[PDB]
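One chain comes next, on its own, written out as structure tokens in the form deposited in one PDB entry.
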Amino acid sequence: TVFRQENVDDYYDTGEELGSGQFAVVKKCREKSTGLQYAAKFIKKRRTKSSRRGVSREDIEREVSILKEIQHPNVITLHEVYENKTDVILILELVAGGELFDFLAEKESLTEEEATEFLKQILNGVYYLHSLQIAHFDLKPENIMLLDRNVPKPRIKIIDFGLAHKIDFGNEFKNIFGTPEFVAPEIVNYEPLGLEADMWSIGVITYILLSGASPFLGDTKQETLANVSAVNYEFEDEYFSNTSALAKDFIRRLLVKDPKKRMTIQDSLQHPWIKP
């Protein structure tokens, strides 16, 4: 599938840089014809077939195909796609309140109400995705953006679909692998992967929201991965002494090694800590 090959600078003006990663940079932009504002994600293309720099066409097209499908208040929306010899440029909805990761650095720990206010929106977004058989595979606070961080109950949107896959056969067997602190044991063990892997990541996020601490984080990446596989975490009293047993129950039913025994997204929405 080919994308718009006119110069993006003919149609948009860029501004503040919002972030950058290994193969991409995101810049605020403004569409000339409407004055409306977006985030432009420039993804570096692979320059040869056998290279390891840049992102393969197959991987770019999968991300674009998934983004084109989704429209939901808690997921980012794709506006347009451009490309040139060096980059594919996603014109994405602008979400200007920053990462949930940076928001948590400020408060350093949330109440259960503040945590469930965020979590309910994350769960609603993931329920939408899983209903479409889309696994995100990279859920973490860096990939949750706030619309406005200066309100009491910030609204969020899930971003960064670069690892997302359609799961039409119940599982994918692809060596998909994200951030060690958040990946499920089946990712660590290179096993077939399904929607269940996102539910583990939600359990990790929930633990972090409530405590300010990461449940499996070791001193090195290999230690973190070994801890995940062994389900080596505990609810430290110093962090969780005033946290309800029902919140711990929610986490405990997500941080389950066997994916078939883990809570599904529907289970999480009916769990008594969440369900109204």
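We number the residues from 1 along the sequence you see. For clarity, a rigid core is taken as the largest C-alpha set superposing within 1.5 Å between two forms.
The form deposited in another entry is left out here; the points below concern that form.
S.K.: Which of these moves by 2 angstroms or more at the C-alpha between this form and the one not shown, core superposed: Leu110, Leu123, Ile159, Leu163?
M.R.: With the rigid core superposed, the residue that stands out is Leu110.
S.K.: Using the rigid core as the reference frame, would you say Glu80 shifts its C-alpha by 2 Å or more between this form and the one not shown?
M.R.: No, the C-alpha position differs by under 2 Å between this form and the one not shown.
S.K.: Would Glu172 count as moving between this form and the one not shown, using a Cα shift of 2 angstroms or more after superposing the core as the test?
M.R.: Shift of 2 Å or more: yes.
S.K.: Superposing on the rigid core, is the Cα displacement of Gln71 between this form and the one not shown 2 Å or more?
M.R.: The answer is no; the displacement is under 2 Å.
S.K.: Shorter or longer C-alpha distance for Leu110 and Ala184 in the other form, given it differs from this form by 3 Å or more?
M.R.: Farther: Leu110 and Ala184 separate by 3 Å or more in the other form.
S.K.: Which way does the C-alpha gap of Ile60 and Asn175 go in the other form, closer or farther, given it changes by 3 angstroms or more?
M.R.: So the answer is closer.
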